[PDB]
Amino acid sequence: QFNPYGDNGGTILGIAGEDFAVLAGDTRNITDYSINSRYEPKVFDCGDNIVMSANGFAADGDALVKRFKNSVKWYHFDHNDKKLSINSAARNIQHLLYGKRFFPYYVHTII
Amino acid sequence: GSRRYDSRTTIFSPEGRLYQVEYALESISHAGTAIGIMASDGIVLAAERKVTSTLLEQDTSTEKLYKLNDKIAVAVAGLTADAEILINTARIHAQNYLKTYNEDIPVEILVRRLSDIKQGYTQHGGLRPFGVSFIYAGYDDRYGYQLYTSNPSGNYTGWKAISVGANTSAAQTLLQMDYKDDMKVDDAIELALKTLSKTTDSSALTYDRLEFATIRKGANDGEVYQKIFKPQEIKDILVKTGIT
Amino acid sequence: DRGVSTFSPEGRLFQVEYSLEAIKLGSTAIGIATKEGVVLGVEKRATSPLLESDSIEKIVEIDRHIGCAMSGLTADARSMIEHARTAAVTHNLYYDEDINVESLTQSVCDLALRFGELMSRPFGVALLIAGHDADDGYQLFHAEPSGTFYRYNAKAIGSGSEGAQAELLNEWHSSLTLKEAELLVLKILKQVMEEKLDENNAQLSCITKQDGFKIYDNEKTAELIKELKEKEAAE
Amino acid sequence: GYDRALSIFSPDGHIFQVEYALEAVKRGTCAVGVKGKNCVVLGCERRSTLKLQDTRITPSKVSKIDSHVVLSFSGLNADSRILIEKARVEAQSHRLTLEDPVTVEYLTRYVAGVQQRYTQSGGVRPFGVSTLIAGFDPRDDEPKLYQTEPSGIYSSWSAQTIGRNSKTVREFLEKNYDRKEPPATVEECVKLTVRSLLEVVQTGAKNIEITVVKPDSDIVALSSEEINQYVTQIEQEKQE
Amino acid sequence: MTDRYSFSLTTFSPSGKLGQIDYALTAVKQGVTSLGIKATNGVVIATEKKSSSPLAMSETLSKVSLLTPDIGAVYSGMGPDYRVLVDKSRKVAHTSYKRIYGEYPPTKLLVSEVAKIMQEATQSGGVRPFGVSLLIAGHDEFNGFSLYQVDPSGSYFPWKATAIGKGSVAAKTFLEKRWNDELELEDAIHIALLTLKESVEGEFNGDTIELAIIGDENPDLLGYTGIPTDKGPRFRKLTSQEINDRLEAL
Amino acid sequence: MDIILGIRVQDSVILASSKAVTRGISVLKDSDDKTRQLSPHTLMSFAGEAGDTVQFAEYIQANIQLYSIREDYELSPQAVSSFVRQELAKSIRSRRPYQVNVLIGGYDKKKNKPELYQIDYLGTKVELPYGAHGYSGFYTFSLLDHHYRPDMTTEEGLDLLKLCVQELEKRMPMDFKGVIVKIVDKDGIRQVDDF
Amino acid sequence: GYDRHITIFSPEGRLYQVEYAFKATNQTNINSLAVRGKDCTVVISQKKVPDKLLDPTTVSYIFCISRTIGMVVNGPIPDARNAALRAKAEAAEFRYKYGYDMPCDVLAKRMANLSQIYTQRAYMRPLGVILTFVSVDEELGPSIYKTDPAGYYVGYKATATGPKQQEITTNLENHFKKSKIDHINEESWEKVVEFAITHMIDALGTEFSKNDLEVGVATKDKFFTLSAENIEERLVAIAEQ
Amino acid sequence: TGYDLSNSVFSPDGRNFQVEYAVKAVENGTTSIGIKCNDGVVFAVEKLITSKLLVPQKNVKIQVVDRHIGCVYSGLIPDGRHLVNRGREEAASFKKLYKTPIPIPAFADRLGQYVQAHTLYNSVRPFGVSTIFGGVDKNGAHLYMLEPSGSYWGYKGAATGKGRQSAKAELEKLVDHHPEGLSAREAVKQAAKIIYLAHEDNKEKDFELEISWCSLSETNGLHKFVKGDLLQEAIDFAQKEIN
Amino acid sequence: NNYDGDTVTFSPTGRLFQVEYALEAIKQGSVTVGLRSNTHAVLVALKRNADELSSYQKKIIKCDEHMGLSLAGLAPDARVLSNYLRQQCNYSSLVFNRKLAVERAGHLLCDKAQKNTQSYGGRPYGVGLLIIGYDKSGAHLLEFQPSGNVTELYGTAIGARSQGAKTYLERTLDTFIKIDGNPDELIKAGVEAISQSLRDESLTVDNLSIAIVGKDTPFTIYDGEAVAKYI
Ligand SMILES: [Cl-]
Ligand SMILES: [Mg+2]
């Protein structure tokens with residue numbers, strides 16, 4: 001039977017300071033016991049000073065980042081180039097994820 | 001496009017009347033007269049067939065009087081084809097109610113739903129209304145014997161005695177004159193026939209130009225019987241009251 | 001007859017132009033924008049003295065930071081308000097923030113041209129949408145059944161609009177206080193109204209950053225009416 | 001599906017189908033609503049060109065929407081049944097989700113919304129009906145009377161009338177109803193309602209229907225004799 | 001694109017007439033005469049075969065049609081409209097009756113279904129009424145023999161005998177003088193041929209006349225044996241030769 | 001789920017229904033009323049799947065109340081029971097069936113007779129002098145088969161019912177936290193507060 | 001008078017749109033003819049190519065509907081091709097559904113039924129075409145069945161269609177009065193084609209070159225059209241007698 | 001009357017006036033032509049230079065369907081694009097099911113039936129273009145011309161637009177003078193000449209020439225635009241003939 | 001006359017009057033200008049107010065980072081069409097990782113407008129658009145008409161009195177086409193172009209709207225004090 005999920009490994013980490021924030025992630029990508037790539041970035045600048053990573057199943061991870069990046073673009077189009085605040089981004093990403101509640105994005109997301 | 005050829009069947013006149021409903025009523029006023037009279041021990045339905053030919057098969061014929069269930073019948077005035085569409089819907093509706101509640105449908109509930117269907121054709125869908133007026137005669141254990149009428153507008157009202165179709169104005173005046181509340185079925189039979197005989201556009205009222213029916217509790221104990229009169233029985237009842 | 005979405009030879013939509021005539025028959029509504037807030041006022045215009053005037057609802061809340069006044073076929077406004085409220089609340093659900101006043105107005109105006117052979121005709125009502133947001137501050141918008149909206153420093157709609165608008169042209173300046181704006185709406189409403197203006201046949205409201213959208217009591221407006229009459233007599 | 005835009009604007013800014021629906025209301029039998037200090041009374045004219053009627057079974061002019069709210073109307077009878085049915089269904093739906101019966105304002109707002117929808121939907125004509133909706137909010141003793149019309153506008157009234165010759169009875173109510181002092185009792189309210197109909201009706205026989213609604217689902221319809229006593233009493237005071 | 005005609009094309013005029021139905025009946029009046037006579041032990045339906053060209057083979061055009069083994073139909077008016085009605089009538093006898101009860105519908109009920117189809121063409125969106133009047137003859141166990149007329153409105157009436165189309169007024173009068181309640185099937189065929197000769201102008205033989213009967217069961221026309229309860233169709237189309245035999249003793 | 005019982009006597013129908021609502025290893029409530037008044041002289045008790053029970057009960061309640069307002073008339077107990085049966089008979093072949101068992105106790109004002117109907121989630125209706133749903137019947141029926149007379153008074157019915165609750169409290173594995181008892185007669189529906 | 005624009009009845013019970021569709025039939029100014037032999041069915045039609053810039057091989061009003069059925073059209077080419085594509089699809093579906101080749105008369109009825117619908121339904125116009133179907137049916141033998149915009153259809157001993165149809169019709173009538181039979185008593189299809197052209201020449205009063213005609217022939221198990229040289233071969237045979 | 005107010009209505013003549021009115025829109029458009037040759041087809045069109053501000057070579061009017069068919073049209077340009085979009089859908093589905101690229105006669109009927117369908121109902125408008133199209137398939141070269149009615153035929157040469165009669169006369173001379181056949185490279189040159197000659201009927205604004213071709217030998221059976229040296233050579237040939 | 005009731009009807013001379021009436025709405029609109037060099041493309045638009053109390057109706061809309069347009073006519077129709085362009089540009093990016101060619105953008109708008117001119121019930125769009133963009137083949141300017149006709153140009157203008165700017169640009173063609181690598185000068189030429197369409201009114205700070213896209217410049221719009229430089 002076809003299994004729509006896979007595991008691409010890797011790990012990510014976010015820390016916040018007083019006037020800054022970091023989002024780190026290793027660049028290794030895997031399936032089973034094989035290395036797919038030694039440098040495949042999974043931390044992305046999404047605009048409006050928001051960095052994002054969706055780690056786990058890379059196909060779902062890329063799909064989510066792609067959709068959120070697109071969400072930022074349309075937020076500008078629909079609300080007079082207003083900057084998307086980090087709290088508003090967070091709430092928006094919840095709806096992106098919960099929209100697939102019964103066929104989930106297999107990822108742990110950090111912004 | 002097709003806008004050009006739309007009659008707009010569901011619009012108001014500047015006076016706030018529905019053109020198509022008014023014109024359907026005008027059509028019905030040329031149909032054969034039908035009379036319903038409600039007595040204390042039953043109901044009479046009497047109707048005049050539209051100008052008959054001598055080669056028409058009279059016994060195996062049905063034009064005016066139709067059975068909806070064992071307790072409810074209707075007299076028709078208007079387009080027969082239109083009436084049969086509605087009659088079949090009414091018959092089904094009665095059975096739906098019986099299937100749901102295990103009780104025979106109350107007369108008003110059946111009348112309301114049939115009248116609601118007529119209403120719809122006057123408010124939406126762009127179709128012509130049904131050119132039909134009904135006299136409903138029936139019995140249930142809540143109100144007993146009941147007479148109703150409905151018309152193309154989908155408006156219905158209850159009656160002690162009523163006429164539809166041709167010469168209703170003259171027929172209603174005659175019924176209003178001789179009707180009284182303590183009346184019996186056999187008296188109502190006579191009134192119905194006498195009224196048709198005076199309002200008819202024919203030369204003389206004969207058995208072959210009539211349909212007749214009674215709804216009595218004249219079965220055996222606390223139950224209702226529908227009697228759709230046979231030709232010979234109409235011939236006899238016409239002699240018994242001395243019309244022929 | 002003819003198509004509902006037909007253009008005239010002058011390049012205008014018949015039905016949209018005709019709905020604008022319906023709005024001219026409507027009761028007067030006025031809005032003035034200041035740096036201290038936006039004021040919205042309307043003429044109630046009861047058709048009969050037996051009608052309980054406080055049930056006439058022509059000023060309406062959309063959200064805490066956005067209010068609305070109407071003029072024309074006011075029954076048509078119900079679904080517009082329903083949409084506006086849903087749009088405002090939905091945006092808060094999706095983005096954990098207040099929706100911009102301009103974005104709200106644009107959303108309402110998207111309904112406008114959704115008619116043809118969608119609904120069967122345009123709306124027969126014009127809206128004055130007033131609110132505050134952090135980006136552009138206090139704002140007043142005039143939303144038409146054409147689907148067009150203009151931002152205004154001040155604006156009148158309805159039967160007494162062209163006379164009231166000319167008056168607003170002279171009176172408005174960029175330093176008006178909220179109190180000055182309240183009195184100015186009352187003054188101009190009293191000028192264009194048929195019956196004599198009082199607390200029962202006219203209604204005031206405002207939106208401020210601090211307290212949000214508020215419809216004034218009949219007691220509060222009555223005192224502003226009294227303050228207005230005294231000031232006009234005082235020179 | 002039939003799509004035609006039947007309700008549209010004319011050059012002068014009128015929607016004629018809505019305005020012609022008002023003419024149907026003007027043709028309908030007169031209906032009046034008067035609210036007292038502790039009650040609302042709904043009075044209705046019944047035309048007398050129909051003798052041989054069966055009043056047991058004939059549809060009544062005032063309809064219960066719930067045990068605490070009633071609806072009367074003027075205009076097309078068939079049209080009114082559709083509004084009444086929808087209102088009754090919404091009444092039960094409200095009880096189901098909110099766990100509380102409808103307010104009279106809410107029920108009125110719903111009925112008015114339905115009417116409005118039929119003025120800008122394709123393939124439908126407006127309702128040829130104006131309604132008077134009266135009752136009491138749950139756990140409230142303040143009387144409520146509202147009026148709706150084909151356009152969809154609704155409003156609250158201390159007293160109001162609709163239907164044929166309604167302008168005559170409105171005239172009567174406008175000088176005979178004091179806002180500062182509404183009819184203090186049931187008797188006073190019924191009498192003022194019967195008086196107002198007697199300006200227009202004819203005979204006070206089987207031509208007038210009266211329904212009294214009091215707080216906490218207390219609705220009753222008066223019989224012929226009960227109404228006839230008001231008719232008899234009013235005429236004797238008139239000869240003066 | 002798509003059928004934008006979702007509205008009625010037949011509507012009431014101020015006088016109460018349904019114009020399109022009246023005009024459909026006018027088309028029936030222009031149509032060639034057809035008739036039906038009911039005997040004690042059968043029914044006969046007949047019509048003239050109006051040939052469009054002598055190069056046309058009028059055998060390939062059947063005006064009298066079998067609907068069920070015990071029911072037949074003939075018409076006056078527009079031929080194409082009749083043809084599709086026969087298709088629909090044959091199907092509805094199966095879908096709404098035989099597939100449910102395992103037997104063919106009685107005449108009155110099949111007639112009722114055809115009438116419904118014709119009524120709907122009078123009310124539904126974007127269609128004109130059917131321009132035909134039908135005469136349907138048939139037999140069934142509990143009603144015996146019967147004859148029905150169906151009009152463009154959807155109305156139907158039972159007849160002892162009648163005619164429709166071109167010379168229907170004269171033909172009906174002829175049938176009134178000759179019809180009694182003791183007519184045997186052969187006597188009814190004789191009267192049918194006499195009545196039709198009045199309305200026919202040109203050739204009057206078995207090739208220009210179309211005639212069918214509803215009578216006794218025909219085991220020879222069943223096509224199989226072995227089931228005692230199945231005894232064959234009561235509908236039979238008379239051959240060209242069978243008509244000429246009766247035209248000599250006329 | 002749990003104990004719903006019904007007894008029809010000479011002049012009334014008595015319904016007893018357990019008060020416990022248990023989820024997992026916790027009794028979340030001990031005063032739950034597992035009943036809805038459908039009309040002034042018709043009461044329905046219910047039992048089955050969580051959520052389904054109340055959702056079905058209130059849905060039926062809304063429909064009967066709608067009918068009452070429309071016709072200005074109260075449906076007979078027989079008519080209400082047939083409506084309920086059909087709704088369950090529909091449900092059993094749906095995508096997700098209502099898993100609810102009901103008893104309907106009513107007083108027919110036209111016949112002047114009490115009536116008790118037992119209907120399970122499949123839509124299986126019977127009229128009975130006494131009824132039960134679930135494991136309850138396995139205990140109480142032999143007790144009712146013995147002590148029940150068709151001419152009993154309401155008081156005799158309540159004592160007969162006490163005997164059933166006592167047997168259930170003795171032999172049943174679970175604590176159902178007692179019962180709420182309601183009586184349906186010519187005067188309508190009332191609750192016994194001290195049981 | 002909108003009763004003349006759509007297919008509803010006029011006061012005299014007529015359908016003007018159907019009647020006007022009949023007049024569109026002659027818009028091409030082409031005459032067609034069909035006859036039956038013992039073994040075959042021959043159809044012939046005029047071929048007029050006025051423009052010198054036209055590719056004459058693409059100008060045709062005869063269609064191969066199926067392997068066994070041929071169809072000639074009288075009417076404008078757009079409507080003609082519309083009818084042809086539908087007939088081809090209908091014949092193909094019949095074979096798939098019922099396991100045998102669609103008979104000529106059954107296809108004629110089906111296309112006639114479709115035409116009938118356009119006379120009753122408002123949104124669809126009638127096609128301004130008359131369709132003549134030909135075959136050698138495995139049950140009925142040589143067959144000619146013809147359809148018109150009214151939805152009428154019938155079988156024919158022989159037939160003709162076009163502006164000068166009446167002249168050809170009576171010419172054929174007079175031959176069958178003389179011969180006393182239903183067909184051309186001839187063995188080969190070649191001579192039945194020769195008969196068809198001969199009697200068309202007599203009726204129309206015109207001579208034909210190889211490019212003035214178009215010929216379709218139906219035999220058992222195939223219908224085929226003739227090339228210019230096949231017709232030329234046929235024209236030579238007539239001239240040498 | 002009123003017979004001309006609604007599409008699909010027959011007049012008492014048996015005509016569809018709405019289609020005849022669409023033909024008027026075609027006659028108003030610029031001239032386009034098609035020349036059938038030895039092993040292919042050539043298409044050319046007149047592009048009126050309305051202003052200096054039009055970017056030369058950058059408002060392309062000839063369109064390719066699949067990889068082997070070319071289409072050009074006169075009249076309402078948007079209507080032509082709609083027809084080509086459908087043509088591309090029809091060609092794609094044919095190639096999908098049957099593998100082989102759509103034959104030209106097959107493709108011709110696909111457009112024909114689609115255009116004919118827009119004469120059947122009053123809820124659609126007829127196409128305001130006559131389309132000249134063609135290419136090379138397994139049976140050689142084919143040239144077609146399709147009209148608003150849905151009528152189409154095969155052509156040796158075809159012309160439509162404001163200068164159709166001038167172009168037709170010039171086409172007829174080529175057919176008479178070359179019974180054996182015209183070569184692809186020759187047909188390109190002739191196309192240029194004919195467009196320049198047909199421009200006399202539209203001579204207020206000067207124009208821009210656009211040519212395309214499909215040839216079994218010259219373009220390998222694929223549709224290509226004529227550009228650069230071959231275009232300028234064809235322009236010069238045309239310039240020499242008008243003087 | 002009798003042939004202007006809907007878009008589905010041709011006139012006897014082959015005209016579509018509903019489409020022509022839609023074209024008329026553009027002529028009533030405020031003037032907007034478009035022009036380009038080889039490196040940049042510039043839109044200039046005169047904005048219109050209701051009165052002195054109202055804002056000035058925005059004429060320019062961004063479609064992507066490399067594309068955008070200006071409008072003249074029915075503004076809601078421009079919103080519908082610009083939204084469609086935003087989606088089409090977006091589809092090209094998400095599915096093909098490809099910036100939508102300005103030429104394809106024109107073809108897509110043509111086909112969307114066309115469908116509204118051949119079916120019953122619908123109406124033509126009542127707006128004209130000037131689309132500018134920078135893609136893989138350099139700078140571009142397009143003119144959209146709601147008849148469906150889209151045209152690529154060096155420069156143009158639409159709206160009331162657009163003929164003045166259109167004549168000026170026709171004269172200035174050889175000059176402004178070679179303003180490469182100089183944004184402010186290409187704008188100056190566009191501002192001088194739109195000045196040939198002014199009557200009684202002059203370009204003020206809340207009246208003028210300028211947009212620019214090019215080689216090293218994303219599509220950006222200038223309003224308010226940012227256009228004071230050019231008056
Ligand atoms: Cl068929
Ligand atoms: Mg038609």
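Computation of the quantities below employed the complete heavy-atom set of this structure, encompassing side-chain atoms and omitting hydrogens, waters and symmetry-equivalent molecules. Within every chain, numbering begins at 1; the chains are lettered A, B, ... in the order of the sequence lines, protein sequences first and strands thereafter. Remember, it's 1-based here, ligands and their atoms both numbered in the order they're listed.
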Colleague: Just grab all the ring-ring contact (aromatic ring centres under 6.0 Å, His included) pairs involving residues 135-156 of chain G, residues at least two apart or on different chains.
Modeller: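 ring-ring contact (aromatic ring centres under 6.0 Å, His included) check on residues 135-156 of chain G returns no pairs.
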Colleague: What pairs meet the salt bridge (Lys or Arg N to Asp or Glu O under 4.0 Å) rule with one or both residues in residues 141-155 of chain G, with sequence neighbours excluded?
Modeller: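 Output for this query is empty, none listed.
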Colleague: Any ion pair linking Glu90(G) and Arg110(G) (charged N to carboxylate O, less than 4.0 Å)?
Modeller: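 So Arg110(G) pairs with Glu90(G) through a salt bridge.
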Colleague: Is it the case that more than 12 heavy atoms not belonging to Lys116(E) sit under 6.0 Å from its NZ atom?
Modeller: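 No, NZ of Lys116(E) has 12 or fewer neighbouring heavy atoms, counting only those of other groups under 6.0 Å.
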Colleague: I need the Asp105(G) CG to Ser135(G) OG distance, nearest 0.5 Å.
Modeller: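 It comes to 7.5 Å.
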Colleague: With sequence neighbours left out, what residues match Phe10(I) under ring pair (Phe, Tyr, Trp, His ring centres under 6.0 Å)?
Modeller: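 Partners of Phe10(I) under the ring pair (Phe, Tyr, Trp, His ring centres under 6.0 Å) test: none.
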Colleague: Less than 2.8 Å from the Mg ion (ligand 2) is the window; count the protein N, O or S atoms in it.
Modeller: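 There are 4 of them.
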